[PDB]
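**Student:** The structure under discussion is supplied below as structure tokens; questions concerning it will follow.
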Amino acid sequence: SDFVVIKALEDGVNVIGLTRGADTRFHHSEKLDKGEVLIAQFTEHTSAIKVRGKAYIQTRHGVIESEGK
Amino acid sequence: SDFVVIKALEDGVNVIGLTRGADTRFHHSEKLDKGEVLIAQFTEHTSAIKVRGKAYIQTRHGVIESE
Amino acid sequence: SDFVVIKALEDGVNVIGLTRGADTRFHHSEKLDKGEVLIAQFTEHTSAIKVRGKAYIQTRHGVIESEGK
Amino acid sequence: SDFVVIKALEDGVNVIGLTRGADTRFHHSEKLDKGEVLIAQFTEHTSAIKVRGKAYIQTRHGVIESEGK
Amino acid sequence: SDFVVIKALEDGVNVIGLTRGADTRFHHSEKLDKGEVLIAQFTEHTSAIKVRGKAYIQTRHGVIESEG
Amino acid sequence: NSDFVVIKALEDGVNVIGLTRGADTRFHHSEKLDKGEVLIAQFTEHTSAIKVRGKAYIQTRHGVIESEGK
Amino acid sequence: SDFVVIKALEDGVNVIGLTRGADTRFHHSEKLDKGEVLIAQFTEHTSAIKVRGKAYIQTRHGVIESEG
Amino acid sequence: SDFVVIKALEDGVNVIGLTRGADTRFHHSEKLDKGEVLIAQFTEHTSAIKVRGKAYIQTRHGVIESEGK
Amino acid sequence: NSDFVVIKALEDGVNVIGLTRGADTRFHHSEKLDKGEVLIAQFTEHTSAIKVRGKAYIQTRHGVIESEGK
Amino acid sequence: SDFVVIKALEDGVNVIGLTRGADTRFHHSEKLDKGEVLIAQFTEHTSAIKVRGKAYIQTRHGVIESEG
Amino acid sequence: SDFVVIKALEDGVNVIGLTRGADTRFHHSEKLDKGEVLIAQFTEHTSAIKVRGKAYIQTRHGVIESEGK
Ligand SMILES: N[C@@H](Cc1c[nH]c2ccccc12)C(=O)O
Ligand SMILES: N[C@@H](Cc1c[nH]c2ccccc12)C(=O)O
Ligand SMILES: N[C@@H](Cc1c[nH]c2ccccc12)C(=O)O
Ligand SMILES: N[C@@H](Cc1c[nH]c2ccccc12)C(=O)O
Ligand SMILES: N[C@@H](Cc1c[nH]c2ccccc12)C(=O)O
Ligand SMILES: N[C@@H](Cc1c[nH]c2ccccc12)C(=O)O
Ligand SMILES: N[C@@H](Cc1c[nH]c2ccccc12)C(=O)O
Ligand SMILES: N[C@@H](Cc1c[nH]c2ccccc12)C(=O)O
Ligand SMILES: N[C@@H](Cc1c[nH]c2ccccc12)C(=O)O
Ligand SMILES: N[C@@H](Cc1c[nH]c2ccccc12)C(=O)O
Ligand SMILES: N[C@@H](Cc1c[nH]c2ccccc12)C(=O)O
């Protein structure tokens, strides 16, 4: 299965997994502090991932950056 | 399964999942505020995705932007 | 399964799903307002997609544009 | 399955599906008007597709154009 | 499965399907008039395709032209 | 979804010969092509080798090759 | 399955595996000292990997660096 | 399965099929006259192919030429 | 099949350490390479992560990386 | 399965098949004379191939030459 | 299944197969004299290969050379 790479560019970045299935809700929020890297797959339990906070993200489609408020 | 990357370029962007099967309707709308990123797969329950609002979108076919 | 990307270039673009199987008819019409994007798969129920109205379309074969009546 | 993209360049374009199996006959003709785009797969029921009238066609092998009589 | 694209460059082009199996014969001939395009797969029933008449053909291996 | 070969006859009477798959090897079918005709033929349950006799332009996944007649 | 390469650029880099399943928690943390390389797969037990500390990382999507 | 293309560059080229399995012997020799092309797969019965005589050969790995005896 | 890594020892005493697949994570084998030896090692039913300790040149599908000793 | 192409560059080149399985031994040696080409798969019976003598060899990893 | 190519650059090169499974030991050592080439797969019995002595080695990841003591 595909995965996403998230590098936090500020403290308190949240990487949130959304449930697979007929229902959609957040099942887990991993907090990353500045400079930490998370490499996360899609899985039986996770079919969408939301990133909140300033982060550098890599997927198979290229680079994208999230920006916080 | 494939996925789409959606970065909101303004507040209040909606990423809407349409149901897989003989019946087509919206089943979830995820609200993204400015700068938030959602990476969302097609799934057993979602066979089309609609993006409403200003966003930068990446798919296997390249970049497209909603307005 | 493959998917198509449709970005509406005017209001009232109509993305039409045609039934898979021995019979052929439309089963769903999804209307897009200008600037909305729909990313839609081929599925168990949909084996052909028709686009009516001005739109920018991406598929695995490249870019094509529909033009309205 | 593979799919074809067909964009009508004049009114009255016919995209014709031919039956899969031991017998070969037309089972459906989708009429497209000028500027409409149809993205159609090969399927359990459709093993060959015929295009009549002026159209721009994309497949995995590239672009080809049909011309009307 | 693979497919072939055939564009007829004159009237009366024939695209002929040969049967899959221990027996080999033509089972269908599709007539194309000038400008018409046929996109045809290999299938449970068709394991070879013959093109007769002037046509522009694309396959995965590139382009080829038949001549009447 | 097996591989296939494209054969364009460059003279009349090109002979495309299918050989039997299996412990035994002989031809089971010969398809003659007139000049300018194109045959697109797969390997299959029954054909595991294809021989071309006569002048022809041939394409496969490995590129172009040309047969030359007797 | 895919894998990640992590080279520690300082002492005490932590490579942490998060559990696959309905629940998400850390199940192992491997400590790397400066200059050690760990090549780690995603697995039945590990569906997310976190890197804490200064490291050079390669995945299929390219190079990224974590910072202490 | 993979296949080889062999074009005979002189009369009497032999394309020899070696048996798959614990024993190894020649089960068939196909004689090619000058200019003939043989396109032959590896199969249930053939796991190695020997070419004797002058020939131009294409495989997935590129071109190679056999030389006369 | 599974991916593999190539390791070339650039000094004596390089250790290539296999970590167990499964719920438990521990070292199960450590192969010691002397200078100039090469090891080409798969991921397997029993090994889901590999650690290299000591100066070595390493190739994987993602490219070259070099480990360094203390 | 993958295959290798071997062209003999001198008489008496041997292409040797090593048995697949718990035991490793030579089960067949194919003698190639100068200019002959052998194209040989890995199989149920053969999991390694040794070339002895002067030969030009092609595999998916490119060209290599053995030397007498 | 992947394979490696090993060409001996000196006499007495050893290509060693290490057992697959919970236990790890040498099950076979193939000696190569100068100029011999061995092309060897990973297999049910062999999950790691060690090369000792001066050799030129090709894998999917490119070229590497072992050096003798
Ligand atoms: N529960 C939803 C989560 C989801 C995935 N992709 C989506 C796209 C849009 C909205 C929701 C989703 C599903 O598994 O289908
Ligand atoms: N329920 C429809 C949703 C859909 C997917 N792709 C479409 C294309 C057009 C119209 C509807 C759709 C389906 O699963 O088939
Ligand atoms: N019901 C038809 C729809 C279709 C798909 N591709 C086509 C091409 C031409 C005509 C109809 C179609 C089918 O599933 O086969
Ligand atoms: N009924 C035929 C339709 C067809 C597909 N490809 C063809 C090529 C030539 C003639 C007919 C065909 C089949 O399924 O096999
Ligand atoms: N009935 C033959 C048709 C065929 C396919 N490819 C060929 C090549 C040569 C001759 C005949 C054929 C078969 O299925 O095998
Ligand atoms: N009957 C043989 C035909 C064949 C295929 N490839 C070959 C190469 C050499 C000689 C014969 C063949 C087989 O199926 O195996
Ligand atoms: N337990 C989660 C771990 C996980 C994987 N990817 C994630 C993305 C975000 C949050 C958690 C996760 C799972 O297997 O699904
Ligand atoms: N009967 C042998 C033929 C063979 C294939 N590849 C080889 C390499 C070397 C020697 C013999 C072979 C086998 O099937 O395994
Ligand atoms: N026992 C762990 C080993 C492992 C693989 N990848 C990891 C990443 C981080 C920590 C441990 C691991 C597993 O099989 O999952
Ligand atoms: N019988 C051994 C042969 C072998 C293949 N690759 C090797 C590498 C090294 C030593 C022996 C081998 C096996 O099947 O595993
Ligand atoms: N017996 C071990 C051999 C092995 C493969 N890759 C390794 C990496 C490191 C240490 C040992 C190994 C196994 O099959 O898993």
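FYI, nothing fancy with the structure tokens labels: chains A, B, ... in order, residues from 1 per chain, ligands from 1 as they appear.
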Lay chain D over chain K using all C-alpha atoms, matched one to one in order, with a least-squares fit; then write it out as a compact mmCIF listing (two decimals) with C-alpha atoms, in the first residue's frame.
**Tutor:**
```txt
# COMPACT_ATOMS: atom_id res chain seq x y z
CA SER D 1 13.15 -14.12 -7.84
CA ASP D 2 16.01 -11.59 -8.26
CA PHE D 3 19.47 -12.85 -9.25
CA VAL D 4 23.07 -11.63 -8.95
CA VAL D 5 25.80 -11.82 -11.58
CA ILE D 6 29.31 -12.53 -10.22
CA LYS D 7 32.45 -12.55 -12.44
CA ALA D 8 35.63 -13.77 -10.68
CA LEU D 9 38.64 -11.41 -11.16
CA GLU D 10 41.11 -13.76 -9.52
CA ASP D 11 41.20 -17.48 -8.72
CA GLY D 12 39.47 -18.88 -5.64
CA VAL D 13 36.49 -16.51 -5.36
CA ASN D 14 33.81 -17.93 -3.03
CA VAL D 15 30.10 -17.25 -3.60
CA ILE D 16 28.41 -18.35 -0.35
CA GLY D 17 24.72 -19.07 0.10
CA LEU D 18 23.14 -18.35 3.51
CA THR D 19 20.10 -20.34 4.66
CA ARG D 20 16.63 -18.90 4.51
CA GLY D 21 14.59 -19.22 7.69
CA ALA D 22 14.94 -18.77 11.42
CA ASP D 23 18.53 -20.06 11.41
CA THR D 24 21.35 -18.46 9.48
CA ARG D 25 24.34 -20.57 8.37
CA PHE D 26 26.32 -21.09 5.16
CA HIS D 27 24.84 -24.00 3.18
CA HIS D 28 27.03 -23.93 0.08
CA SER D 29 30.15 -22.21 -1.18
CA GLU D 30 30.62 -22.17 -4.98
CA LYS D 31 34.28 -21.63 -5.85
CA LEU D 32 34.92 -19.60 -9.03
CA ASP D 33 38.19 -19.33 -10.85
CA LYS D 34 39.38 -16.26 -12.73
CA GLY D 35 37.08 -15.17 -15.55
CA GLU D 36 34.20 -17.52 -14.67
CA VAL D 37 30.73 -16.08 -14.34
CA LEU D 38 27.97 -17.24 -11.98
CA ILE D 39 24.39 -16.01 -12.28
CA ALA D 40 22.66 -17.03 -9.06
CA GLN D 41 19.07 -16.48 -7.82
CA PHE D 42 17.57 -15.97 -4.38
CA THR D 43 15.62 -19.13 -3.70
CA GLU D 44 13.60 -21.14 -1.23
CA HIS D 45 16.91 -22.18 0.36
CA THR D 46 19.04 -19.06 -0.16
CA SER D 47 17.97 -15.63 1.23
CA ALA D 48 21.42 -13.94 1.36
CA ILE D 49 24.63 -14.35 -0.64
CA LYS D 50 28.15 -13.48 0.48
CA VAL D 51 31.04 -12.89 -1.99
CA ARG D 52 34.64 -13.28 -0.79
CA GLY D 53 37.64 -12.46 -3.03
CA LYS D 54 38.04 -10.13 -5.99
CA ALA D 55 34.93 -10.02 -8.17
CA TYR D 56 32.75 -7.80 -10.39
CA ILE D 57 29.09 -8.03 -9.33
CA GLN D 58 25.96 -6.82 -11.04
CA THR D 59 22.51 -6.60 -9.46
CA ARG D 60 19.34 -4.71 -10.07
CA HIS D 61 20.90 -1.85 -8.05
CA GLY D 62 23.99 -1.58 -10.20
CA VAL D 63 27.60 -2.67 -10.13
CA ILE D 64 29.69 -3.30 -7.07
CA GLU D 65 33.10 -4.91 -6.67
CA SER D 66 34.32 -7.17 -3.90
CA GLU D 67 37.98 -7.06 -3.01
CA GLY D 68 40.08 -9.87 -1.56
CA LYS D 69 41.91 -9.56 1.80
```
**Student:** With all C-alpha atoms paired in order, what RMSD does the least-squares fit of chain I onto chain F leave?
**Tutor:**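 It is 0.2 Å.
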**Student:** Give as JSON, numbers by chain the residues surrounding ligand 9 up to a distance of 6 Å, considering only C-alpha atoms and all ligand atoms.
**Tutor:** {"G": [15, 16, 17, 28, 29, 40, 41, 42, 43, 45, 46, 49], "I": [20, 21, 22, 23, 24, 25, 48, 49]}
**Student:** Please produce, as a Markdown table, a per-residue contact table for chain I versus ligand 10 (criterion: any atom at most 12 Å away, only C-alpha atoms and all ligand atoms considered), showing the nearest atom pair and its distance in Å to one decimal, sorted by chain then residue number.
**Tutor:**
```
| residue | atom | partner | partner_atom_place_in_ligand_line | distance |
| --- | --- | --- | --- | --- |
| I:39 | CA | ligand 10 | 9 (C) | 11.1 |
| I:40 | CA | ligand 10 | 8 (C) | 10.1 |
| I:41 | CA | ligand 10 | 8 (C) | 11.1 |
```
**Student:** Could you give me the residues within 12 Å of ligand 5, counting only C-alpha atoms and all ligand atoms, as an MDAnalysis selection string?
**Tutor:** (chainID E and resid 17:27 42:50) or (chainID F and resid 2:7 15:21 26:33 39:53) or (chainID H and resid 38:40)
**Student:** Please list as a VMD selection string every residue within 7 Å of residue 59 (chain J), counting only C-alpha atoms and excluding residues in the same chain fewer than 4 positions away.
**Tutor:** (chain H and resid 61) or (chain J and resid 3 to 5 63)
**Student:** How would the residues just picked look written out with N, CA and C atoms as a CSV table (one decimal), in the first residue's frame?
**Tutor:**
```
chain,number,residue,atom,x,y,z
H,61,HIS,N,16.8,-8.5,-23.9
H,61,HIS,CA,18.1,-8.0,-23.5
H,61,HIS,C,18.8,-7.3,-24.6
J,3,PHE,N,15.9,-15.0,-18.0
J,3,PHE,CA,16.8,-15.8,-18.8
J,3,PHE,C,18.1,-15.1,-19.0
J,4,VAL,N,19.1,-15.8,-19.4
J,4,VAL,CA,20.3,-15.3,-19.8
J,4,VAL,C,20.7,-15.7,-21.2
J,5,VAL,N,21.4,-14.8,-21.9
J,5,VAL,CA,21.8,-15.1,-23.3
J,5,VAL,C,23.3,-15.3,-23.2
J,63,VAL,N,25.5,-6.4,-19.9
J,63,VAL,CA,26.4,-7.3,-20.5
J,63,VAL,C,27.6,-7.7,-19.5
```
**Student:** So how many Å separate CA of residue 35 (chain I) and CA of residue 68 (chain J), to one decimal?
**Tutor:**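 Computing the Euclidean distance for CA of residue 35 (chain I) and CA of residue 68 (chain J) yields 28.3 Å.
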**Student:** Out of B:65, B:23, B:44, B:33, which residue has the shortest atom-to-atom distance to ligand 2 when counting only C-alpha atoms and all ligand atoms?
**Tutor:**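 Closest candidate: B:23.
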